[PDB]
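Shown below, as structure tokens, is a lone chain in the form solved without the partner chain; questions about how it binds or moves come after it.
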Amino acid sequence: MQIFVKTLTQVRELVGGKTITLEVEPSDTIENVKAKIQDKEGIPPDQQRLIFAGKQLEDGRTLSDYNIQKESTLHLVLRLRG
């Protein structure tokens, strides 16, 4: 099962960038997914937030809990911890 991850349109419109493809499973947690993004892009999961269908995803839940299926697109955004 592959899913797509990209930044917001307005971010891409200004600075560009690519859509990342992740090899995932239905039972993968959101923290699993952020780690795969970390492995790919080096971005710390603590500063990552994922969005599907407008709503924020929480770490303990699985992809199947949010009905994220094959070829779904998630949006990735920054969250600074301070």
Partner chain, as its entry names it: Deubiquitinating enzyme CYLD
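Note that the rigid core is defined as the largest set of C-alphas that superpose within 1.5 Å between two forms. Numbering follows the first chain given and starts at 1.
Separately, the form solved in complex with the partner chain exists; it is not shown, and the next lines address it.
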{"query": "4.5 Å heavy atom contact, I51 and the partner chain in the entry with it bound", "finding": "yes"}
{"query": "Contacts with the partner chain in the entry with it bound, stretch 49 to 74 (heavy atom within 4.5 Å)", "finding": "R49, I51, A53, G54, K55, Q56, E58, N67, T73"}
{"query": "Sole member of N67, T73, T9, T21 with a C-alpha shift of at least 2 Å between this form and the one not shown (core-superposed)", "finding": "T9"}
